[PDB]
Amino acid sequence: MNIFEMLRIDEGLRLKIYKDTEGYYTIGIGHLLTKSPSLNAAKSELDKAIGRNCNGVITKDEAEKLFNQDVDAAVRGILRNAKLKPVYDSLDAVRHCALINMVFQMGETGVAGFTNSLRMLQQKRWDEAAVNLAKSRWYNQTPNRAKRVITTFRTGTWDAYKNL
């Protein structure tokens, strides 16, 4: 298992604009388009992103290409962020995936806001960090996904996804 398969399980793949859990316009594999309520603004961002008139629909290929950019950008941001980089560097390869997943879902900023949890991860106090991460809007709003990510941090194996 890898970052790409992990994320494809948590986000799904949709070829027509859709609304995410938070009600925002998205397409592909969790590619957020806009937080604006305008489907119109969305179709426009989509065209700018793919470089063609899509009329709100894209092909597999286009979805994957956007997916690769997003994973790349997620990793790059982590590596450029002063609060996240040190944690990332301190973690093993499985756990790196869990932080990338958080990042992709909620942005650098949001994750960076998990101060206490980040500190515990860095200290390798797995059980404690898992309990702390659970106390968040994130866990209360997308509990099954959160729990999958959390166990990944807790155990350092891909067990939460071997099911799926």
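These values consider heavy atoms only, across backbone and side chains, with no hydrogens, waters or symmetry-generated copies. All residue numbers refer to positions in the sequence shown, counting from 1.
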Step-by-step side-chain contact (heavy atoms from CB on, under 4.5 Å) determination, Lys124 to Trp126:
CA-CA 6 Å; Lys124 312 202 179 279; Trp126 314 132; 3.6 Å; yes
Between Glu11 and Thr26, is a side-chain contact (heavy atoms from CB on, under 4.5 Å) present by the stated rule, with each step listed?
CA-CA 11 Å; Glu11 289 297 350; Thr26 307; over 6 Å; no
Between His31 and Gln69, is the side-chain contact (heavy atoms from CB on, under 4.5 Å) condition met? List the steps.
CA-CA 10 Å; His31 179 77; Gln69 296 163 176; 5.9 Å; no
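Taking CG of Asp47 as the reference point, atom CD1 of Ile58 lies at 11.0 Å (rounded to 0.5 Å). Rounding to the nearest 0.5 angstrom, the gap separating the CD1 atom in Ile17 from the SG atom in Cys54 is 8.5 Å. The CG atom of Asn101 lies 4.5 Å from the CG atom of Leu7; values are rounded to the nearest 0.5 Å. If you take CG on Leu121 and CG on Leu133, they are separated by 6.0 Å, rounding to the nearest 0.5 Å. Separation of atoms CD (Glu128) and CD (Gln123) is listed at 8.5 Å; rounding is to 0.5 Å. Considering CG of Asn132 and CZ of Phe114, their distance stands at 9.0 Å, rounded to 0.5 Å.
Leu91 is connected to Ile78 through a chain of hydrophobic side-chain contacts under 4.5 Å among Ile, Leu, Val, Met, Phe, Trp and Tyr, so both are in one cluster. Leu32 and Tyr18 fall into different hydrophobic clusters, where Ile, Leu, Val, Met, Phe, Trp and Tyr residues are linked whenever their side-chain heavy atoms come under 4.5 Å apart, directly or through other members. With hydrophobic clusters built from ILVMFWY side chains whose heavy atoms lie under 4.5 angstrom apart, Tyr24 does not share a cluster with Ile27. In this structure, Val103 is a member of the same hydrophobic cluster as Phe67, with clusters built from ILVMFWY side-chain heavy atoms closer than 4.5 Å. By the criterion of side-chain heavy atoms lying less than 4.5 angstrom apart, applied directly or through intervening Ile, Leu, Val, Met, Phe, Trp or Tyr residues, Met1 is grouped together with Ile3 in one hydrophobic cluster.
Partners of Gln105 under the side-chain contact (heavy atoms from CB on, under 4.5 Å) rule, at least two apart in sequence or in another chain, are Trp138, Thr142, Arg145. With sequence neighbours excluded, the residues forming a side-chain contact (heavy atoms from CB on, under 4.5 Å) with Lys19 are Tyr25, listed by chain and number. With sequence neighbours excluded, the residues that form a side-chain contact (heavy atoms from CB on, under 4.5 Å) with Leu13 are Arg8, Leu15, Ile29, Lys60, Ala63.
Panel note: side chain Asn53, backbone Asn55; no donor-acceptor pair is recorded below 3.5 Å. For the pair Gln122 (side chain) and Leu118 (backbone), a donor-acceptor distance under 3.5 Å is absent.
At least one side-chain heavy atom of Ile50 sits under 4.5 Å from a side-chain heavy atom of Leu66. Residues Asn144 and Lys147 are in side-chain contact: their nearest non-hydrogen atoms beyond the backbone lie under 4.5 Å apart.
Taking every heavy atom of both residues into account, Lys83 and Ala112 meet most closely at CB-CB, 4.2 Å. What you find for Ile150 and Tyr139 is that their closest heavy atoms are CD1-CD1, 3.7 Å. Minimum heavy-atom separation, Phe4 to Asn2: N-OD1, 3.0 Å. Taking all atoms of both residues into account, the shortest heavy-atom contact from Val149 to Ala98 is CG1-O, 3.9 Å. For the residue pair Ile9 and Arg148, the shortest heavy atom distance occurs at CG2-NE, 4.5 Å.
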Output a table of donor-acceptor pairs, distance under 3.5 Å, between side-chain atoms of residues 33-40 and any protein atom two or more places apart or on a different chain; print 'none' if there are none.
{"from": "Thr34", "atom 1": "OG1", "to": "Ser36", "atom 2": "N", "distance (Å)": "2.9"}
{"from": "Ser36", "atom 1": "OG", "to": "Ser38", "atom 2": "N", "distance (Å)": "3.0"}
{"from": "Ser38", "atom 1": "OG", "to": "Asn40", "atom 2": "N", "distance (Å)": "3.0"}
{"from": "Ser38", "atom 1": "OG", "to": "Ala41", "atom 2": "N", "distance (Å)": "3.0"}

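Electrostatic pairing of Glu45 and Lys48 counts as a salt bridge here, judged by a charged N lying under 4.0 Å from a carboxylate O.
Applying the side chain to side chain donor-acceptor pair (under 3.5 Å) test to pairs two or more places apart or on separate chains, those with a residue in residues 150-164 are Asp10-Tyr161, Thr155-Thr157, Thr157-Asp159. Legend: ring-ring contact (aromatic ring centres under 6.0 Å, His included) pairs involving residues 68-96, not counting sequence neighbours, sorted by first then second residue: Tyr88-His96.
Heavy-atom neighbours of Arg119 CZ from other residues, nucleotides or ligands within 6.0 Å: above the threshold of 12.
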